Amino acid sequence: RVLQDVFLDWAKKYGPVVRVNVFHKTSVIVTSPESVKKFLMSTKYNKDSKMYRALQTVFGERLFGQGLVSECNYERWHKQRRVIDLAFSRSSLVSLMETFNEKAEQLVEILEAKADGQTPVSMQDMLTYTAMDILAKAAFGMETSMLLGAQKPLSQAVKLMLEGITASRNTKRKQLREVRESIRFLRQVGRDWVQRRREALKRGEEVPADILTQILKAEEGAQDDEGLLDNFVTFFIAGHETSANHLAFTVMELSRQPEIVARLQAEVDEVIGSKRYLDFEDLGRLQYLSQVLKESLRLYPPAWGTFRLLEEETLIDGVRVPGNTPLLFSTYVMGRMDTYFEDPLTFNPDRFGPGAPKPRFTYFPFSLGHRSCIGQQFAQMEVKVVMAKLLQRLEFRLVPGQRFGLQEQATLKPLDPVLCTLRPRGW
Ligand code: HEM
Ligand SMILES: N[C@@H]1C[C@H]1c1ccccc1
């Protein structure tokens, strides 16, 4: 049971507008679809600086700073977004299919090597290394090779940093210094990878355009590299953590969903076959898998929502909310309200079937409007590639004792590490 589950009880009991404490700050959780549409779908409402200070700096160390997630002032964010947007064109994402295929295939062979049916493997960790290996190469041109046992300190540094964000937001000498040491380590990797890119361009090398290209470009007239490093850390973390968490939750759920797995296997067989490389066009045709990933997001959204600063006293669903109040919007909460979803605890991918009305402002795992996930299509593409490959080659069985609950760190993720034993598909 996480804090979001408490918010859900209160949304259900006390209605569509409810004053709550979150990250030790006062806020009003707003759960009507009409309010979601009103506040997220208009550029008039912007993020609440107060609620994002916990990402901007941690334990007296700059982290996300004023990067793309944590920048709340419209015009300023709009300056970065417009530039960084180019790195996410249809043609830019198509060019990444190689990275996604490579890392996915590497993942599967490591797993196939352990596929005896008695070797416990943490799918949470495995999926974390994959997501990080994908992001690092795709966004920055660098190989972290975590799948191959490499970069243990970097890995540890991300682990501690996320724990840092958590404790910061929820009220021991050593962990305090480790978190500071991890954050500094992280921004240091940043300058080195930035250093590497600039030096390569100073030797007149042809570097294919990526995310780093656009983050450098967004920081032209900068007295220092701090903005760029804000955006470096932003992408490094945002660009793998929630993707790994989404994947972990999907694998965990599917382990107790044998009929759904058969449909998925049946579908993977038709569209890709035993083919090794997935083409861009292959993704679109994996429609039942798309429905299952959507349904995984409804029940288990890694990023549970967002805040919008309400500048003036306003009437929200017959409720007078005082000005300068942070509005909380929770896709986690709405997804679990029987008011919006019939039998809400039932994992049913048929909810997203062809022909079913799309949810109207009751489902937003990538948020909505101008502050929506810039990485949506990136994430959706990479996770489809990863799952497709797993569904081709492997079957998982959750190790007895493995629980299905959640935890909240910087994001939602499984409470248990999704320990599985594996067999080749068919065994
Ligand atoms: C399944 C994976 C993903 C989910 C669930 C997810 C979710 C979201 C959500 C809900 C937001 C809004 C956060 C807020 O209001 O504070 C967001 C922001 C964003 N995400 Fe993701 N994310 C995903 C993957 C990615 C990846 C792969 C990228 C980069 C490649 C990324 C980059 C961004 C960043 C930079 C922002 C800031 C957007 C802006 O306001 O300009 N996301 N994402
Ligand atoms: N892109 C996803 C939502 C963002 C995120 C992940 C981890 C920490 C902070 C932000």
Side-chain angles (χ1 to χ4, degrees), residues 23 39-40 43 45-49 51-52 54-56 58 63-64 66-74 76-85 87-88 92-93 96 99-100 127 131-132 134-140 158 161-166 168-169 210-212 214-215 218 230-250 293-294 296-298 300-308 326-332 363-384 386-387 408-413:
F23 308 155
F39 302 112
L40 306 189
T43 56
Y45 307 96
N46 308 307
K47 288 182 176 196
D48 197 318
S49 276
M51 296 312 297
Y52 286 96
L55 289 178
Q56 294 163 356
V58 168
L63 183 53
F64 292 81
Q66 291 292 115
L68 200 66
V69 177
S70 60
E71 180 62 78
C72 308
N73 175 279
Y74 182 80
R76 276 191 300 164
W77 161 86
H78 187 63
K79 177 103 178 55
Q80 328 178 33
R81 182 69 180 240
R82 188 192 301 157
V83 174
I84 295 156
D85 260 16
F88 293 84
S92 306
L93 299 185
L96 306 168
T99 306
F100 300 165
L127 296 157
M132 182 76 273
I134 289 167
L135 190 288
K137 181 62 165 59
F140 307 114
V158 171
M161 177 276 305
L162 300 165
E163 283 168 1
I165 287 170
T166 312
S168 172
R169 274 168 169 178
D210 51 21
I211 275 151
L212 181 51
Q214 290 317 87
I215 72 177
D230 285 357
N231 260 340
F232 172 90
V233 178
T234 301
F235 275 86
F236 195 88
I237 301 326
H240 90 279
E241 167 76 4
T242 47
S243 291
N245 289 161
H246 177 32
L247 279 171
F249 278 129
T250 305
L293 294 162
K294 289 175 187 194
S296 182
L297 286 169
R298 188 195 50 93
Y300 314 107
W304 52 259
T306 195
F307 296 91
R308 294 293 174 278
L327 309 173
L328 196 157
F329 300 88
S330 179
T331 182
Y332 182 96
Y363 169 83
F364 46 100
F366 293 97
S367 195
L368 295 160
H370 76 290
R371 306 297 308 271
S372 66
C373 195
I374 201 191
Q376 188 179 331
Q377 295 63 40
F378 181 127
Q380 288 180 315
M381 288 170 72
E382 79 178 320
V383 321
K384 265 169 135 174
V386 179
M387 293 295 310
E408 183 177 0
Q409 311 289 246
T411 56
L412 318 174
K413 64 208 288 168

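Atoms within a ligand are numbered from 1 in the order they appear, just like the ligands themselves. In what follows, every heavy atom counts, from backbone to side chain, and hydrogens, waters and symmetry copies are set aside. All residue numbers in this chain count up from 1 along the given sequence.
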Kindly write out the residues that satisfy salt bridge (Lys or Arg N to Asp or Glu O under 4.0 Å) with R82, not counting sequence neighbours, or none if the list is empty.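 Expected list: none.
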So, using salt bridge (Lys or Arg N to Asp or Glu O under 4.0 Å) as the criterion, who are the partners of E408 when residues are at least two apart? none
Check each atom of ligand 2 against the heavy atoms of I237 and keep those under 4.0 Å away; list them by number with element.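 By the 4.0 Å cutoff, the relevant atoms are 7 (C), 8 (C).
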Quick test: of every protein heavy atom, which one is nearest to atom 4 (C) of ligand 2, and how far off is it to 0.1 Å?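 I find the closest protein heavy atom is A238 CB, 3.9 Å.
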Return the residue, atom name and 0.1 Å-rounded distance of the protein heavy atom closest to atom 9 (C) of ligand 2. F64 CZ, 3.8 Å
Taking all atoms of both residues into account, what is the closest heavy-atom pair of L96 and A138, and its distance? CD2-CB, 3.8 Å
Ignoring hydrogens, what is the shortest heavy-atom contact between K294 and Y363? Give both atom names and the distance.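 Minimum heavy-atom separation between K294 and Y363: O-OH, 2.8 Å.
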Applying salt bridge (charged side-chain N to carboxylate O under 4.0 Å, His left out) as the test, list every pair that has at least one member in residues 367-378; sequence neighbours left out. none
For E163 and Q409, run side chain to side chain donor-acceptor pair (under 3.5 Å): C-alpha distance rounded to whole Å, both residues' side-chain angles, the deciding distance at 0.1 Å, then the answer. CA-CA 6 Å; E163 283 168 1; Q409 311 289 246; over 6 Å; no
Can you figure out which of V69, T242, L55 has its heavy atom closest to atom 2 (C) of ligand 2? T242
Applying a heavy-atom distance cut-off of 4.0 Å, which protein residues contact ligand 1?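 Contacts of ligand 1 under 4.0 Å: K47, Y52, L68, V69, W77, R81, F88, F235, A238, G239, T242, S243, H246, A303, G305, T306, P365, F366, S367, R371, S372, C373, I374, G375, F378, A379, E382.
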Ring centroid separation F378 to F100 under 6.0 Å: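 Yes: the rings meet the under 6.0 Å criterion.
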Between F140 and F232 (judged by ring centroids, cut-off 6.0 Å), do the two rings come close enough to count as a pair?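 Yes - the distance between ring centres of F140 and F232 falls below the 6.0 Å cut-off.
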